[PDB]
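As structure tokens, one chain now follows by itself in the form deposited in one PDB entry.
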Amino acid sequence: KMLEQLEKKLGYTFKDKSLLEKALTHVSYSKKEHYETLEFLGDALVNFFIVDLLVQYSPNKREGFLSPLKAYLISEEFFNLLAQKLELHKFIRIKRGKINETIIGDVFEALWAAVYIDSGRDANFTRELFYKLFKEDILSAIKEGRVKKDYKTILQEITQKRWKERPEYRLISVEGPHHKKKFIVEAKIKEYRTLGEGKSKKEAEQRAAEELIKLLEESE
């Protein structure tokens, strides 16, 4: 729509309108100049800000603790919540009935990739321009405790809030030598059942769980 209404929101005046154009143009809308390449650069760029910000204002600093957060801070979901705060879905150039939330994220990254370039690849600046919009929206997610729960955890919360029951894991075989063996567990709930190979029991379960989740993503 208006490649200037978005500039107002962002708080940046594009001195290369052409960029912002591409960063918003999807593939099927223009297989001549889409956002793909910019998404690539934007993904690494946005990833940096998020991580640099998360390493400062964070309770614990151990890897095992920061990974769960960053998993959400850069997840498609959290990337949509920040995009909505820009009404980005109203500036995208794409064919109708083909756009989903994934595409929004790509455009989000592709966006800051464009501001980075435009501003003469000024990191420090773009970084500040990034916080001046989402820093608090990010710190909040942190302060709250938002994270990307692991599979077994997820599958549990699902099964319980739909049947108030839990999944049942059963080892079915163990192959190879002790110092290095492969486990094969079976995840089952109700009438569903999947398998999962893993160096260890738990690792094999996380697998069988991930597969079960997918299976549950259909209907009741």
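Only residues modelled in both forms are compared. Throughout, we count residues from 1 along the sequence that is shown. Heads up, when I say rigid core I mean the largest set of C-alphas that superpose within 1.5 Å between the two forms.
Absent from the display: the form deposited in another entry. The rest refers to it.
J.: Core-aligned, does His34 move its Cα 2 Å or more between this form and the one not shown?
T.: The answer is no, as the C-alpha of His34 shifts between this form and the one not shown by less than 2 Å after core alignment.
J.: So, superposing on the core, is the move of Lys90 at the CA at least 2 angstroms between this form and the one not shown?
T.: No, the C-alpha position differs by under 2 Å between this form and the one not shown.
J.: Taking the cut-off of 3 Å or more as given, in which direction does the distance between the C-alpha atoms of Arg96 and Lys90 change in the other entry, closer or farther?
T.: Farther, not closer.
J.: Since the Cα-Cα distance for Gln84 and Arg96 shifts by 3 angstroms or more in the other entry, is it a contraction (closer) or an expansion (farther)?
T.: Compared with the shown chain, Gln84-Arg96 is farther in the other entry.
J.: For a shift of 2 angstroms or more at every C-alpha, which runs of three or more consecutive residues qualify between this form and the one not shown, with the core superposed?
T.: Core-superposed, displaced stretches are 96 to 99, 148 to 219.
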